[PDB]
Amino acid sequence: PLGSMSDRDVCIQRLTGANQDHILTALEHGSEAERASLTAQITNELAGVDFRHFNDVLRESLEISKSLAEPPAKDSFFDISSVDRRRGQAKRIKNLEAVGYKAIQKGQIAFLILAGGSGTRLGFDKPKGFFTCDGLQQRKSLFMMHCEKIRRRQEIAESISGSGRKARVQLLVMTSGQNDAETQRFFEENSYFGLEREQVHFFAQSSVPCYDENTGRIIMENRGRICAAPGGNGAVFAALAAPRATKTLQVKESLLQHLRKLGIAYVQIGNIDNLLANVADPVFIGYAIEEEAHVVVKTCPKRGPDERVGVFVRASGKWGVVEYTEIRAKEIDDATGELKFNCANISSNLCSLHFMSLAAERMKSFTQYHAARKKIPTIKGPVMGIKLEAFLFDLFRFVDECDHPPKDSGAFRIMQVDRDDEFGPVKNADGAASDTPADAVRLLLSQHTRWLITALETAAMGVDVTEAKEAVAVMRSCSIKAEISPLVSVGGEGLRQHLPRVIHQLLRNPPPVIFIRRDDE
């Protein structure tokens, strides 16, 4: 009713009565340039952040960081974590896959890419989605390969349905305030990697302030900038809640509300760093649908007892993750010889839109964040401060509140998957001990190699039976690998048509890595 307010006046309103008066002072009485940069930061990088609420978050999170957990019951979750476990369950997997494809066709699926991180650790000062792995004949960014996986899954859904309608997965790209513009530019310059512009939604997350432990004051990086840090993937809820321009222009609604109007039923969430990400996975989707789950998490067996990864647990009937620093944890089940706590968190989730909505509502009053003491660089020298994080898993305790009444068997499910098929995070520069681009590329090639050997062996049972058999023998004894474009195959399908060329190469002059791509690439 009082009309439009300047960005600065909105910031002033947001900081009034927030117990952070040193910031309010900077906004009201700082230099022109200081007032402006602080305004831009609080507006564009901390949009929606409730500063009073975060004082409570700091207080509680500090208290918490100063034994009820039980593992998932043996044999209680869907386990497809090896070749042998998948063989024994082949029909169930195929049936779930068909359910997932129907949902993709129906336009019910969104994929949310966590895209706030940079490639700085990889030696690349651009958003991580821009990163191009060496060692691949495809010269494609991580963003490009994600989009091609969506295109392929959409194409398969259409082939199964026979529908006249296009299968469309909504792509939600969760940027940072600082990297949003450059991310949109990259997509635009590349024609959205073959996607429709209308199915791609860019939305910026908010960072979280850092605090002095003794006083609870927000730390200043400099006179024009508060100390703030990426909040962790729990930022999704606030980010999906932010009002956006809405169409005839109407009152602003959230991306969440926009998705509900588009008929989205599930949101699959994953980090852009995962080279092996099974994007729009129809088995994951089919499992959620058939289980009537509001949350499904993907997990992997631990690599060994000392792997520094969080594991899923249930405590007092509530599901969550216990991080390696907080862990009985390394006990072995007597019968199987497997760790009792053996569902490692690979940050790959599928959530109902109802859950996304309810979790966001609950999170506004939620104060149990993860606090860490960190040395923080500032223009006045380093200081010790508190950083606060929250993760998707912190909200899973609310999952059964989505049903009235809750289901007897609950609405949370675990899907234990094969790590080497599903999880290859690109996090550390080549030459590091783990999670390097080369490590992820090795897993990718190993997976494609398995798919091609399988396709060749099926043909061994149009190409000549004996030539296919000979070609497989060449693959094995020469240790030939394959690299397969997602536009060709996302799960091992679609290779039959390529076998004449593959077989010719294998029998005449095999390269170290057979490259399979669409003719029009």
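Note that residue numbering begins at 1 and tracks the sequence as displayed.
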Just how many deposited residues go unmodelled from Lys66 to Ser67: none, 1 to 3, 4 to 9, or 10 or more?
4 to 9
Between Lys247 and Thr248, how many deposited residues lack coordinates (none, 1 to 3, 4 to 9, 10 or more)?
4 to 9
Please work out which of 374-382 and 102-110 has the higher mean CA B-factor as recorded in the PDB entry.
374-382
Mean C-alpha B factor from the entry: is it higher for 384-392 or for 214-222?
214-222
Highest Cα B-factor in the PDB entry belongs to which of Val474, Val49, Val488, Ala482?
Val474
Between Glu331, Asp281, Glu155, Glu290, let me know which has the highest C-alpha B-factor in the entry?
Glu331
Modelled-residue ranking by C-alpha temperature factor, third containing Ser316:
highest
Could you say whether, by C-alpha temperature factor, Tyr369 belongs to the lowest, middle or highest third of its chain?
lowest
Could you say whether, by C-alpha temperature factor, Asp273 belongs to the lowest, middle or highest third of its chain?
lowest
For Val267, return the chain-relative third of its C-alpha B-factor as stated in the PDB record: lowest, middle or highest.
lowest
Against its chain's modelled residues, does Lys149's Cα B factor rank lowest, middle or highest third?
lowest
